[PDB]
Amino acid sequence: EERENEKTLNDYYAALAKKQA
Amino acid sequence: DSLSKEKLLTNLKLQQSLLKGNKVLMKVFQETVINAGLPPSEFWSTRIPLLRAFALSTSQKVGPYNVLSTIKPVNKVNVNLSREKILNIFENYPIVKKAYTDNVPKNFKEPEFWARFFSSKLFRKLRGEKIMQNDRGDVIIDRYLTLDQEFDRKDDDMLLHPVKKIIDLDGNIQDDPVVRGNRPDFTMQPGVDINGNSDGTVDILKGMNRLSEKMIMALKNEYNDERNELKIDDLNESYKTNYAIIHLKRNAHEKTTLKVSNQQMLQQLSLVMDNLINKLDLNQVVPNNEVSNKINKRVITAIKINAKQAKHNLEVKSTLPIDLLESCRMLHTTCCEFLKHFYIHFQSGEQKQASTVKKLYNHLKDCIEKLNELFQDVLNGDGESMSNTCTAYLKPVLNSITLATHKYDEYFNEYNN
Amino acid sequence: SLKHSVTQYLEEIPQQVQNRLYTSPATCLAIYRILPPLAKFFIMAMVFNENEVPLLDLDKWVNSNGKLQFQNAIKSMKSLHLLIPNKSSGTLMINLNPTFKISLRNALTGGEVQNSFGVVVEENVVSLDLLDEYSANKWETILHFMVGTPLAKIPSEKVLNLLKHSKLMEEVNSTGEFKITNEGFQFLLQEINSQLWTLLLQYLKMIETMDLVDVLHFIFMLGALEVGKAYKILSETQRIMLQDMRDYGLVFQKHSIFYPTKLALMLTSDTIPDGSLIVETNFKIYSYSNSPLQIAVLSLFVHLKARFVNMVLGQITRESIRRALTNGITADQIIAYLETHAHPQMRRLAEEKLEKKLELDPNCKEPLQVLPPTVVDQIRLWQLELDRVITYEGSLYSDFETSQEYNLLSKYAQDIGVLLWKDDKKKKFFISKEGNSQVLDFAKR
Amino acid sequence: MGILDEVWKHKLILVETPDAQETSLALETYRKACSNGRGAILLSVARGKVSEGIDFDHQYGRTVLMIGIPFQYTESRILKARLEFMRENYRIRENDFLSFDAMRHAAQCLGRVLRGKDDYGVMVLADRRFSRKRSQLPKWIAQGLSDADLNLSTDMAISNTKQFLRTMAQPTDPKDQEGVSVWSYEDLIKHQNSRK
Amino acid sequence: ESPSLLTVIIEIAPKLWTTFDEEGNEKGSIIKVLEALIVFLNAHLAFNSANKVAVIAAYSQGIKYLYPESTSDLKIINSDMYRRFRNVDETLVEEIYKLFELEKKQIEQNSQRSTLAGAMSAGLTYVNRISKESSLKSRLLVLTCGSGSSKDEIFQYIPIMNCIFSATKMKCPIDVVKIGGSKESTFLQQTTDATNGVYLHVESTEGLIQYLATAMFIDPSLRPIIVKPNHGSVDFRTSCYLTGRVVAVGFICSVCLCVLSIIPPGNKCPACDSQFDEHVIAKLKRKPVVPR
Amino acid sequence: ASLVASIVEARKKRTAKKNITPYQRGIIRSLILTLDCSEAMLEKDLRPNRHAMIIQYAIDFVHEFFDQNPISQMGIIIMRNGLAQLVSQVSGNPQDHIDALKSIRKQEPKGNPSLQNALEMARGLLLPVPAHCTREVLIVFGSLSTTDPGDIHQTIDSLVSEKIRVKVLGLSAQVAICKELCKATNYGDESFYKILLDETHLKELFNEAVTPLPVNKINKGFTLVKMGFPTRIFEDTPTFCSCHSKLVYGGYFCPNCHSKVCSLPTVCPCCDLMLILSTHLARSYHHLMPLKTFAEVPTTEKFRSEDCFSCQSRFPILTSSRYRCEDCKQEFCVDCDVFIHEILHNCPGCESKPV
Ligand SMILES: [Zn+2]
Ligand SMILES: [Zn+2]
Ligand SMILES: [Zn+2]
Ligand SMILES: [Zn+2]
Ligand SMILES: [Zn+2]
């Protein structure tokens, strides 16, 4: 369902957060 | 290319797509990366061949073919419109791609668009059919005729190049080009009418030819020698199997942690030949039913234990509730994942991975405490009657976990101290 | 049910007569060959350690996969008075029959056999040209006599009395002739050793003293004998039945010596092929078998045409089919003969199409007939058109008060065999005139 | 009528272009096609430029069709004058010469398949009147021709090609030709001694 | 339920039984062994009728087709026995006594070799011969007097593997009866465990027929529905090739696969002289690097 | 003249088999089984179907390969409809490959080949393959054409650089591209590209193709491997397996991490080491030392024995079927000689012969 999408897009920005830092 | 382990780890969107495709891999991913806190870099570092398999599955394309010869329209003709066939047509014919790219969003809609495309004169022209002037076609697509002709001349220009010399027939026809004899018959000239205009079979031959060279250049994309090809190996020495043979030397070493004589064996042979020629008694062999009784005691002693084993000679049916059962299953699975990563850590043999070993060892201690509190919870929620089953079932993996801890402690005391 | 019939006759034989039969090693060997492998295993396990075992040890040894056959073996073992199950010390002490046990032990050890293997003269002669040919001659004569073609060498008078008194080849003297019963056609369809067992079963059923254990022991060592040798002429009743079975063609006897033919070994055990008959929608016969006996038995229900060396031909007629049906021959008997004479080519094609249709569905919207029905169902529909009726003649009542006379004087009457027709909601049910013994009292009461 | 369109899916096709430049590029494409293994089909004249010196071997020389007798066009005044001329001078028969010359052209075309003792192929000829031309055939060509092969049809031609490709789809013992078709120098010496 | 091809392997060696009867007091135990064998084969042919019995034994320098008789009368036994049984046993004892005449002829001929590999070879060839003729269940029985100290077993080990593979393909279970001072026969235990067989080592020649009747009577028709009473538990491992010690984890030479418990000296194979990569074996010798 | 023809055909076979040599052959093997669902294999020239006998004979080859070469692992690539697909990667479990095979049997074959695509992902599959693990692919093809998205020669040279040998088995006849493939793949040898003639010859090709292949000196891989046996423990409790995490009554222990696994011959999943038994390694000693052919003596000479040395049957007279092992000097019958050379791996005549 949809509940996997908010997990893996939060991780998408989480990976970008450590990418800039 | 993007084939290194670094690039496979870099393709996060592909990792996202394959994770979304899988299910137990997602569950493992939340438990490790999200719940436990595993970095995804060494999550996927143990799955690099699977990532490569997914990358190969996604990163492949088919060989080209003639869509127009194969596809027939079969009175409005029914069409089995396939978007794969549509893109086949698109990168088969950039003239069709350019006719598409300015018609759908600006001039007219998609269904009327492909209706005009099936209606068009260029449809049946570029298809396996000489174009008929009686056909009305599509007047909008009739503006692409001279554009596609410009494409034809440009493609001919880029295709034309100097020709290999021995193959070249132009050297033959230009060997003596000043010959003034007599021209050949009407047979040897191409098919023309009484007005001299041709039927265009040479033109359609040019088109199907140019299809073949587009195939050749599609092969010949981003993705001296005459002596060898003129040499003949028919009367030469055949290829020799240079394979090495193997020979063996055999000397088996014996294992690491009374003798009768020839006279003795001769006299016992004499005695046993004497007994053999003497007599054989039939019923002397029956045991005395007490030595036979102890034989039965020994036999049944074997039978009891062996058949008790043979009583327990999808998985087995379980008295665990499914929630607790699956929780133990997933904790066991992720702890196995830890321990495989620990063998990656320990068998690495690098000082570079020391902090990794330390932090993972902290994670394993957390796993130990998770197991202990798990067993405590099943104990206090079930009266231990099936918590014994849970502990016995998860015992070997925690035993190998303790093995790993003892190895780490002993090697730490050996190297550091 | 042949070994089952043998075991049934042995269980009809009372316990001490059975134990008298268990005295001798040859009889015990024959019975050992009769019993299933599980019971054979049980007795060979017990025979060398003289320990009465509780049943629970046997239960521990037995894996439950063969538990049903285990129960069959021990039930026959108990009912043959061969086991001694007693619950001494609370648990069922198990014991093999001791006379049987010691006789088997002596047979295995080669100890005291008392010439139960045979009272030998050992003055052997050739058996291929004398014994086998005399056996073939006499058995050919009795086989064609059981066919019905006239033949000079009739059977003996006691076996003629056997056919007369028994329901097997009923010698109807009102017509003056031996006649094939339906039991006679079953007898014809039987295997050779099955036929031998039928003959001895009828003969022992009618013979009375002629001692019973003499018959039993003598027959068992007759099965235990070998071929082509002379032997001493034993008991008096055994000797006179020996001369009787000499007149049967079983033994070649030179009036004390006698030479048992291949039939003793046949009694002991058995032994595009022969008898593979091509079925036809044309209803024409291409048999892969030829014998005068073959023509003799096939003429009863087939119009035949000519004989070749392996292929005797003819044509099935509906007149021949109705002839068989009027001979008392069952249509089931006829079709059973047809599976005994099936042919490999049609069998292979039927197996291929059987797998093909079971790949689709089990039902197939058609009735079930694995062999090609165009030869079969055309007969079988006519065989369905053979009897197709039922007649009741006798007492009949109607218009009952309610269903009070159908769940206890018709369900229990079904358990005893007194009524002929069962129709609860018609308020009428038919009974046989002889079976009016216990139908019409609880009806009165 | 579209049989070319439906046989498009099997291989490629090339035809002898009026421009020998386009023909040479066509040959390059066919060479690359047999190189990668797609393969193509060729059409040219028995009196064409391809028929006068172009070689084909071991995947290029595999089978060649001739359809009908390759005759020169009949109503050529130069041809008729030459026919009467050579008959007047050297008593050369007109129709016999025409048949012989057509067979010369056909044999020249059909000789572009075999190079050494290692190539192979099937030689297919399509006319009714071909049967009386074994004498006009060369000796080695008609040597492999059977009398039963003088009148065959497409069905058993297809069958025989299938058994041919199963036949030389398999290897062969070298000793069967070690000294009878191929010679060593010692084989040559042995034959010399046999002759003398 | 089937014509059961039954054949018994007999390993005959005067050194073996003389070691047995001088180690113990069982002088003449082989006589009781032969009598138990005769009784058990009589029981087998009493059970099945269409079954087969062949006897083949392997002496010190070779083998012999004891039963049946060759393709090219004294009576120790009695005439009260059945004719078939008496014929088979009389043929057997005649072959035995002729073989003892041969043994007396070449008694001081000494063989340190064992022809047991050829024994199972010829036995399996004749088993294949019988099964190919005319659907026949098969079970093979081996006999050993292991009281004599075995000189070498490693050369025997490879035909043991070959016959294990072949008989496992031929669906044959093979049981071991051992009589020796050693408790175990290792390769024989591997054979019983692998080939669905029953291992047993005993000492007493008495009660032998009882042991055969209790355990050795299992037939392939009814084998899988009953437990094998064997008690052994084996690992199918091996001693090291050049150092002779059993190994948990080690090395085999990737060419010849001789087992190496340690680093081969000379950096080369001790069985096929294959030199090895020094960088690779140094990497193998490297211990895990530990933080300080 | 029937026995004479049989004798001369056996002589031709013996001339083919004269090269009995103890070459080092490919033992640690990694296989890829390239299959094709194209429309060419739908043809009913083969009964019931080309694809049908492909399915059954492939199942047979899977079984034979897992028996003769247990330690190796084999993968399956399926070609179907312009792009090849993967259904079974390399595993010590034949069950997965068999289930994929019967899934393909249940489905319909149709399509057109892309051999470059098949070779490219096969290259990707053999990319994480160790050097001692020999890289080999088997090829079947029922057609005479292949379109590909790109050129094949760069793929050819790249796979040559990846040190691969490949056999190709065509349906109709020899194709020059496949011949060149086997040539360049196999160091100029073109014995690796063979075409059948019927199903019997086809099965014989399978039985040949199960066997390992000799290796050359120039592509030397002389090294060692860190091997260790597991210890099977007949356990008294349902117990988790390391791989599938399901409760099993008994099983093995890892030699290092003491974990259990369902099957052998398999690598460890945890400390990651190949766990086999003595059976798997003994399976190829008859490769390591072969059995040379036996001297069929002629009927002219007098013979030491007129009956078979092994099966013990009398020899016939017109021809002499007395086949003598040169290592043992004992004549044997043709039946025993053929059976020993096909199944057995020791000469009992040589056991009789003392050394
Ligand atoms: Zn080595
Ligand atoms: Zn598992
Ligand atoms: Zn491990
Ligand atoms: Zn032989
Ligand atoms: Zn030999």
# chains A, B, ... in the order shown; residues from 1 in each chain; ligands from 1
>>> residues_near_ligand(ligand="ligand 4", cutoff="12 Å", atoms="only C-alpha atoms and all ligand atoms", output="VMD selection string")
(chain E and resid 71 121 to 130) or (chain F and resid 306 to 316 321 to 324 330 to 340 348 to 349)
>>> interface_residues(of="chain B", to="chain D", cutoff="8 Å", atoms="only C-alpha atoms", output="PyMOL selection string")
chain B and resi 69-70+128+163+167-170+173+189-190+202+205+209+212-213+216+234
>>> write_last_selection(atoms="N, CA and C atoms", output="JSON list (two decimals), in the first residue's frame")
[["chain", "number", "residue", "atom", "x", "y", "z"],
["B", 69, "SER", "N", 7.19, -4.30, -42.07],
["B", 69, "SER", "CA", 6.99, -5.58, -42.72],
["B", 69, "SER", "C", 6.18, -6.53, -41.84],
["B", 70, "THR", "N", 6.45, -6.52, -40.54],
["B", 70, "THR", "CA", 5.79, -7.46, -39.63],
["B", 70, "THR", "C", 4.34, -7.09, -39.40],
["B", 128, "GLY", "N", 5.89, -1.56, -46.52],
["B", 128, "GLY", "CA", 6.27, -2.38, -47.66],
["B", 128, "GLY", "C", 5.28, -2.27, -48.80],
["B", 163, "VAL", "N", 35.43, 2.56, -50.03],
["B", 163, "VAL", "CA", 35.05, 1.16, -50.04],
["B", 163, "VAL", "C", 36.32, 0.32, -50.03],
["B", 167, "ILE", "N", 36.97, -5.86, -52.43],
["B", 167, "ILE", "CA", 35.52, -6.02, -52.57],
["B", 167, "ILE", "C", 34.98, -5.11, -53.68],
["B", 168, "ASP", "N", 35.53, -3.90, -53.81],
["B", 168, "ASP", "CA", 34.98, -2.85, -54.66],
["B", 168, "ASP", "C", 34.82, -3.21, -56.14],
["B", 169, "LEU", "N", 33.58, -3.19, -56.62],
["B", 169, "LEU", "CA", 33.28, -3.41, -58.03],
["B", 169, "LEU", "C", 33.52, -2.16, -58.87],
["B", 170, "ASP", "N", 33.65, -1.00, -58.22],
["B", 170, "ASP", "CA", 33.89, 0.23, -58.97],
["B", 170, "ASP", "C", 35.28, 0.23, -59.60],
["B", 173, "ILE", "N", 34.61, -1.71, -62.80],
["B", 173, "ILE", "CA", 33.92, -0.97, -63.85],
["B", 173, "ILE", "C", 34.77, 0.19, -64.34],
["B", 189, "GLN", "N", 18.72, -2.76, -68.67],
["B", 189, "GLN", "CA", 18.37, -1.47, -68.11],
["B", 189, "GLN", "C", 17.21, -1.63, -67.13],
["B", 190, "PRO", "N", 17.10, -0.74, -66.15],
["B", 190, "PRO", "CA", 16.03, -0.88, -65.15],
["B", 190, "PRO", "C", 14.64, -0.65, -65.72],
["B", 202, "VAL", "N", 13.80, 0.07, -58.09],
["B", 202, "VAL", "CA", 15.14, 0.43, -57.65],
["B", 202, "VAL", "C", 15.06, 1.34, -56.43],
["B", 205, "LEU", "N", 14.18, -0.81, -53.50],
["B", 205, "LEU", "CA", 15.38, -1.57, -53.20],
["B", 205, "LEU", "C", 16.39, -0.73, -52.44],
["B", 209, "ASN", "N", 17.52, -1.58, -48.72],
["B", 209, "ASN", "CA", 18.96, -1.56, -48.53],
["B", 209, "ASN", "C", 19.34, -0.64, -47.39],
["B", 212, "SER", "N", 18.91, -1.98, -44.21],
["B", 212, "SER", "CA", 20.00, -2.88, -43.83],
["B", 212, "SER", "C", 21.23, -2.11, -43.33],
["B", 213, "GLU", "N", 21.59, -1.00, -43.99],
["B", 213, "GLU", "CA", 22.71, -0.25, -43.42],
["B", 213, "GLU", "C", 22.38, 0.49, -42.13],
["B", 216, "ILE", "N", 23.22, -2.03, -39.81],
["B", 216, "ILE", "CA", 24.67, -2.16, -39.73],
["B", 216, "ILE", "C", 25.25, -1.08, -38.83],
["B", 234, "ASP", "N", 43.13, -24.85, -44.99],
["B", 234, "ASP", "CA", 42.68, -26.18, -45.41],
["B", 234, "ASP", "C", 43.84, -27.17, -45.50]]
>>> interface_residues(of="chain B", to="chain A", cutoff="9 Å", atoms="only C-alpha atoms", output="ChimeraX atom specification")
/B:12-13,16,20,26,30,34
>>> closest_atom_pairs(of="chain B", to="ligand 2", cutoff="12 Å", atoms="only C-alpha atoms and all ligand atoms", output="tab-separated table")
residue	atom	partner	partner_atom_place_in_ligand_line	distance
B:314	CA	ligand 2	1 (Zn)	10.5
B:315	CA	ligand 2	1 (Zn)	9.9
B:333	CA	ligand 2	1 (Zn)	11.8
>>> residues_near_ligand(ligand="ligand 5", cutoff="6 Å", atoms="only C-alpha atoms and all ligand atoms", output="ChimeraX atom specification")
/F:325,327-328,347,349-350
>>> residues_near_ligand(ligand="ligand 3", cutoff="10 Å", atoms="only C-alpha atoms and all ligand atoms", output="NGL selection string")
(:B and (340 or 343 or 400)) or (:F and (228 or 230 or 242 or 253-261 or 267-275))
>>> write_last_selection(atoms="N, CA, C and O atoms", output="tab-separated table (two decimals), in the first residue's frame")
chain	number	residue	atom	x	y	z
B	340	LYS	N	26.60	-12.78	9.86
B	340	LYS	CA	27.27	-12.85	8.56
B	340	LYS	C	28.09	-11.59	8.31
B	340	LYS	O	29.22	-11.66	7.82
B	343	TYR	N	31.23	-12.01	10.30
B	343	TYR	CA	32.25	-12.77	9.60
B	343	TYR	C	32.89	-11.94	8.50
B	343	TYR	O	34.10	-12.08	8.25
B	400	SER	N	26.24	-19.48	18.56
B	400	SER	CA	27.25	-18.98	17.64
B	400	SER	C	27.53	-17.50	17.86
B	400	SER	O	28.64	-17.03	17.60
F	228	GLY	N	36.33	-27.50	3.91
F	228	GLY	CA	36.04	-28.11	5.19
F	228	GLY	C	34.72	-28.85	5.22
F	228	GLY	O	33.71	-28.35	4.73
F	230	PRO	N	31.28	-30.41	6.74
F	230	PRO	CA	30.37	-30.27	7.88
F	230	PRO	C	30.26	-31.60	8.63
F	230	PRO	O	30.73	-32.64	8.17
F	242	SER	N	19.86	-22.26	8.94
F	242	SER	CA	20.41	-20.93	8.75
F	242	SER	C	19.80	-20.24	7.54
F	242	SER	O	19.49	-19.04	7.59
F	253	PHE	N	26.36	-29.59	11.18
F	253	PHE	CA	26.98	-28.45	11.84
F	253	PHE	C	28.05	-27.87	10.93
F	253	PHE	O	28.75	-28.60	10.23
F	254	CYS	N	28.17	-26.55	10.95
F	254	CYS	CA	29.26	-25.91	10.23
F	254	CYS	C	30.58	-26.23	10.91
F	254	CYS	O	30.65	-26.28	12.14
F	255	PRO	N	31.65	-26.50	10.14
F	255	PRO	CA	32.96	-26.71	10.77
F	255	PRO	C	33.50	-25.50	11.52
F	255	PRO	O	34.36	-25.68	12.39
F	256	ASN	N	33.02	-24.29	11.23
F	256	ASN	CA	33.50	-23.11	11.94
F	256	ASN	C	32.43	-22.47	12.81
F	256	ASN	O	32.62	-22.36	14.03
F	257	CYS	N	31.31	-22.06	12.24
F	257	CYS	CA	30.31	-21.33	13.00
F	257	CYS	C	29.25	-22.24	13.59
F	257	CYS	O	28.32	-21.74	14.24
F	258	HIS	N	29.34	-23.54	13.35
F	258	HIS	CA	28.48	-24.59	13.90
F	258	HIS	C	27.02	-24.44	13.49
F	258	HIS	O	26.15	-25.11	14.06
F	259	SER	N	26.73	-23.59	12.52
F	259	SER	CA	25.38	-23.45	12.02
F	259	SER	C	24.99	-24.66	11.18
F	259	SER	O	25.84	-25.41	10.70
F	260	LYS	N	23.69	-24.85	11.02
F	260	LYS	CA	23.15	-25.95	10.25
F	260	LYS	C	22.66	-25.45	8.89
F	260	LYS	O	22.34	-24.27	8.72
F	261	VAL	N	22.63	-26.36	7.92
F	261	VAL	CA	22.14	-26.07	6.58
F	261	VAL	C	21.29	-27.26	6.15
F	261	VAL	O	21.39	-28.35	6.71
F	267	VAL	N	27.83	-24.06	-0.12
F	267	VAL	CA	28.70	-23.19	0.68
F	267	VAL	C	28.05	-22.93	2.03
F	267	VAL	O	26.84	-23.14	2.23
F	268	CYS	N	28.86	-22.48	2.97
F	268	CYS	CA	28.28	-21.95	4.19
F	268	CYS	C	27.60	-20.62	3.88
F	268	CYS	O	28.09	-19.84	3.06
F	269	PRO	N	26.43	-20.36	4.46
F	269	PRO	CA	25.85	-19.02	4.37
F	269	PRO	C	26.40	-18.04	5.38
F	269	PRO	O	26.22	-16.83	5.20
F	270	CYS	N	27.09	-18.52	6.41
F	270	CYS	CA	27.44	-17.66	7.54
F	270	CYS	C	28.93	-17.35	7.60
F	270	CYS	O	29.30	-16.18	7.53
F	271	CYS	N	29.79	-18.36	7.70
F	271	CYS	CA	31.22	-18.11	7.56
F	271	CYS	C	31.70	-18.36	6.15
F	271	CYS	O	32.90	-18.27	5.89
F	272	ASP	N	30.77	-18.70	5.24
F	272	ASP	CA	30.95	-18.61	3.80
F	272	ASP	C	32.06	-19.49	3.26
F	272	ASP	O	33.04	-19.00	2.69
F	273	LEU	N	31.93	-20.80	3.45
F	273	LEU	CA	32.92	-21.76	2.98
F	273	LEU	C	32.20	-22.97	2.40
F	273	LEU	O	31.12	-23.35	2.86
F	274	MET	N	32.81	-23.57	1.38
F	274	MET	CA	32.19	-24.67	0.65
F	274	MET	C	32.21	-25.94	1.50
F	274	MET	O	33.27	-26.43	1.88
F	275	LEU	N	31.03	-26.49	1.77
F	275	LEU	CA	30.88	-27.66	2.62
F	275	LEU	C	30.41	-28.83	1.78
F	275	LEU	O	29.29	-28.83	1.28
>>> residues_near_ligand(ligand="ligand 1", cutoff="7 Å", atoms="only C-alpha atoms and all ligand atoms", output="ChimeraX atom specification")
/E:253-258,269-274
>>> closest_residue(among="B:127, B:180, B:98, B:304", to="chain C", atoms="only C-alpha atoms")
B:304
